[PDB]
Each structure stands twice: as structure tokens, then as C-alpha cells.
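Chains A and B supply the protein sequences, listed in that same order. With UniProt numbering applied, the first sequence corresponds to residues 146 to 244, 246 to 326, in that order. With UniProt numbering applied, the second sequence corresponds to residues 150 to 271, 275 to 328, in that order. Here's the structure, in C-alpha cells; my notes come after.
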Amino acid sequence: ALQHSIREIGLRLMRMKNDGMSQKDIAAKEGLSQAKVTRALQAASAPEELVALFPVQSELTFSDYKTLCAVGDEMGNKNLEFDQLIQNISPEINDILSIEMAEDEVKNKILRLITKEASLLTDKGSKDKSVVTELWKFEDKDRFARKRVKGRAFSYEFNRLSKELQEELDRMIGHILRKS
Amino acid sequence: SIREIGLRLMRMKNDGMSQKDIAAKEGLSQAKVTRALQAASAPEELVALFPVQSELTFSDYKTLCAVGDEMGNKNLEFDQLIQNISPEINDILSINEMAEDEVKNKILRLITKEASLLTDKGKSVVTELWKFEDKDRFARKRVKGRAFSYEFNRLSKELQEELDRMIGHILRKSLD
DNA sequence: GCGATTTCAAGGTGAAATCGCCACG
DNA sequence: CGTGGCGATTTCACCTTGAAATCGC
């Protein structure tokens with residue numbers, strides 16, 4: 146029952162759950178402690194998105210999940226939010242795959259961000275302060291690509307960028323605005 | 150005409166000559182040189198929007214200079230104007246009735262139009281990517297400096313997910 | 001009351017620190 | 001001798017677990 150992720154146990158536990166089963170019962174039908182079945186589902190609930198940032202989910206501990214699945218809903222638990230956060234930490238994150247250490251610290255590292263960054267974006271959510279995430283980082287001094295969401299308003303800002311790009315963007319933005 | 154003279158005389162400005170001298174190496178009244186030079190100044194990206202440059206007057210160059218100013222003067226905001234009206238320029242350039250001067254006049258009047266509103270929503277240049285009847289629902293494009301941005305507001309999440317996704321690749325594709 | 005969840009004490013575990021044993025100048 | 005090497009051991013800090021206390025209706 147462990148070769149694979151508390152999560153895959155969870156997959157099962159839900160399949161039954163979904164079928165009308167109380168954990169108290171599943172625990173029975175499977176031979177698991179009511180207390181584990183909590184945990185196995187508790188984990189099988191973790192925000193797929195976040196879970197997907199880590200290299201060795203196998204190194205992902207439940208308590209982590211508990212806070213991973215915690216950050217999940219404490220951040221609206223909606224596509225556009227998870228999407229945004231990733232963007233933010235992703236740079237510093239892959240930056241963590243450059244750097246020695248074992249699966250142990252990398253885990254604690256990646257999550258450090260998922261929490262801090264998410265807890266930095268959550269600030270301007272009630273504070274309703276404009277939040278920007280740099281879409282791409284340039285070695286350059288004056289070049290930038292970034293997004294800024296300050297409420298229900300949001301913009302895509304670019305500087306010193308190709309003409310091939312204003313070209314493309316302009317084209318696709320205008321046609322997507324046709325589509326809807 | 151006067152422009153050409155300008156650009157030519159220009160070479161001599163940088164030749165390190167004073168107008169007074171150039172107004173002699175060309176037996177041109179010095180007033181004339183001032184005027185040629187001022188003309189030589191108008192935005193090349195606008196002067197070349199006229200099929201018959203021979204027909205732009207001084208005051209025309211003079212007011213192209215103007216439009217050019219009022220709008221910062223950098224290429225990217227020109228292209229911004231130059232595309233917004235380019236259809237109606239190739240358009241008017243299809244009309245057969247009107248005489249050549251009627252052409253420049255119509256084209257010039259076009260060029261002044263853009264300048265006024267694009268710099269009203271600003275310096276910067278802002279074109280309305282789309283018009284929503286709501287006092288606070290917009291989707292636009294903005295240029296100023298060598299920097300452009302697509303500003304939106306009060307739109308569906310779905311819209312934002314797509315653009316986000318799209319733009320996502322459009323960069324990934326090229327920054328690579 | 002009654003599931004579900006968290007708490008508690010009792011085991012695991014791995015990474016890092018220490019230890020053993022050795023072989024070499 | 002005095003050392004450095006390096007595979008095995010132990011430490012230590014964090015896990016997981018079931019049971020039983022606790023929660024939250």
C-alpha cells in the first residue's frame with residue numbers, strides 16, 4: 146500500500162468514498178485505520194497544481210501536503226491563483242535544481259517558496275495592492291516582460307521587445323478578443 | 150521639394166557648416182535655409198505616408214512636426230498610428246475622383262486625427281483594442297517609449313487564463 | 001452520539017556526524 | 001608514530017501510525 150503515494154491510496158479511498166462509503170467503513174473494507182483513511186484522503190486532496198511543482202513527491206510528506214492542501218484553499222483554490230503563484234516562484238524554483247543537496251532539503255526548499263510567495267500574494271489580495279509577476283527575466287538592464295494584476299484589472303507590460311513580438315501579440319490578442 | 154532641400158542642406162549642417170555659409174554655397178536666402186531645415190525635420194515615418202510628397206506644403210511639414218512632437222516622436226508610436234489608419238490610406242489611395250492635393254489634404258487630416266485621441270488617453277499613445285459600453289470595462293493597447301502593453305480590466309477569468317496561456321507561449325517561443 | 005480529525009506515545013528513517021579499521025609516508 | 005581514507009555505525013531531527021481523546025455538528 147506504500148510503493149505508491151499516500152495519494153494513490155487516496156485515489157482509491159475516494160473511488161469508494163465517491164461510491165457512498167464512510168471512512169469508518171472503508172477503513173473496514175480495506176484494513177486501514179480510520180485515522181489513516183483520513184490522512185490518505187487528506188493528502189489525495191492536495192492541490193494537484195502545487196503537488197506538481199516537486200521533483201520527488203515521494204519525498205513529500207503528508208504534513209507537507211496538509212499545508213500544501215492548506216495553501217491550496219487559503220489561496221481561493223481557483224485556477225488563476227495557482228497559475229499566478231507558480232509563475233512567481235518558478236524562476237527561483239528551477240534555480241533550486243541547479244544546486246549538491248539530497249531530495250530532503252530540495253523539498254523543504256520548494257515548499258518554503260510555495261508558502262512564502264503564496265503568503266506574499268495573499269497580502270495584496272485583501273490589501274488589494276497591484277501585484278506584478280515578471281513573465282520572463284532578461285540579463286538585460288532595460289528589458290522586461292511582466293503581468294500586473296491589481297484587482298479585476300490586469301495588464302501585460304513589455305519593454306524593448308522585438309517587433310516580431312508586438313506583431314504576434316497584437317495579432318493573437320485581437321483575435322482572441324474576437325473569439326469571446 | 151523643400152524637404153529634399155532640407156535633407157540635402159542637412160548633410161552640410163553636419164558637414165560642420167553654418168547656415169549662413171550654406172545659404173551661399175547654395176545661393177539660398179538664409180530664411181530659406183531655416184525653412185528647408187525645419188522641414189527636413191518632419192517625421193520620416195509620416196512624410197512617407199503621402200504618395201506625392203511633392204504636394205505637402207511647408208505648413209504641412211510644419212504641422213507634421215507638430216503631430217510628431219505631441220506624440221513623443223518615437224517610431225513605435227508612429228507605427229501605432231501608421232497602422233491604425235493604413236487601411237484608409239491605401240483606401241483613399243484607391244479612390245479615383247479627387248485630385249492629388251485632395252489626397253494629401255485628406256491623408257494629413259487623418260494623421261492629425263490619431264494624434265489627438267491617441268494622446269488624449271495618455275507622450276504615450278493609447279488605442280482602444282475594443283470598446284465595452286461599461287464605464288469601467290476596457291481592453292486596450294498602450295505605447296510610449298520602446299515599451300508596449302496590453303491593458304485590460306473587468307474581464308472574464310477565462311479570458312485571462314487564455315491570454316495568460318497564449319502570451320505564455322508566444323514569449324517562450326521567442327525568448328528561446 | 002457519531003463520524004471525522006487531531007493528539008499522543010511509540011516506533012521508523014535518512015542524512016550527517018562519528019566511529020573502526022586500515023594502510024601508507 | 002601520525003595521519004588521512006572511507007565504509008559502517010550511531011545520532012538526531014523529523015516521520016508515520018494506531019489508538020484513543022477531541023471535535024463539530
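The beta-carbon is built from N, C-alpha and C at its ideal position, and this holds for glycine as well.
Asked: Please list the segments of the beta strand (DSSP E) lying wholly inside the stretch 273-326 of chain A, counting only runs of 3 or more residues, in order along the chain.; Found: 277-282, 290-295, 299-305
Asked: Nearest CA to the CA of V295 (chain B): which residue from B:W282, B:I231, B:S276?; Found: B:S276
Asked: Could you tell me whether the Cβ of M220 (chain B) comes closer than 8 Å to any Cβ of chain A?; Found: no
Asked: Less than 8 Å separating the beta-carbons of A180 (chain B) and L158 (chain B)?; Found: no
Asked: Could you name the residues of chain B that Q312 (chain A) contacts, counting a contact when the two beta carbons are closer than 7 Å?; Found: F300
Asked: Whole angstroms are fine: how far does the CA of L186 (chain B) sit from the CA of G155 (chain B)?; Found: 5 Å
Asked: From this set, B:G320, B:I231, B:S326, which residue's C-alpha is nearest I319 (chain A)'s C-alpha?; Found: B:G320
Asked: Would you say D228 (chain A) faces chain B, with C-beta separation under 8 Å as the test?; Found: yes
Asked: Under 6 Å Cβ to Cβ from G217 (chain B), same chain only, skipping five residues before and after it: list those, please.; Found: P192
Asked: According to DSSP, is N163 (chain A) helix, strand or coil?; Found: helix
Asked: From the DSSP output, in three-state form, read off residue 110 (chain B) for me.; Found: With chain B running from 150 to 328 in the structure shown, residue 110 (chain B) is simply not present.
Asked: Between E175 (chain A) and chain B, is any beta-carbon pair separated by less than 8 Å?; Found: no
Asked: When the Cα atoms are used, what is the spatial distance from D170 (chain A) to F199 (chain A)?; Found: 33 Å
Asked: Under the rule that 16 or more other beta-carbon atoms within 10 Å means buried, what is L147 (chain A), buried or exposed?; Found: exposed
Asked: Between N233 (chain A) and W282 (chain B), what straight-line distance do the alpha-carbon atoms span, to the nearest angstrom?; Found: 29 Å
Asked: Taking buried to mean at least 16 other C-beta atoms within 10 Å of its own C-beta, is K253 (chain B) buried or exposed?; Found: buried
Asked: Quick one: any contact between the stretch 303-310 of chain B and the stretch 284-291 of chain B, if contact means 3 or more CB pairs under 8 Å?; Found: yes
Asked: Report all residues from its chain with a CB closer than 8 Å to the CB of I231 (chain A); omit the five preceding and five following residues, and keep chain order.; Found: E194, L198
Asked: State yes or no: is the C-beta of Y302 (chain B) nearer than 7 Å to some heavy atom of the ligand ADP?; Found: Inclusion of the ligand ADP in the displayed structure is not the case, the ligand content being empty and no account of it being possible.
Asked: Which bits of chain B does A291 (chain A) rub up against, with CB to CB less than 7 Å?; Found: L323
Asked: How far does the alpha helix (DSSP H) with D269 (chain B) in it reach, from first residue to last?; Found: Run containing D269 (chain B): none; DSSP gives neither H nor E here.
Asked: Can you pull the chain B residues whose beta carbon is under 8 Å from the beta carbon of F304 (chain A), in chain order?; Found: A299, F300, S301
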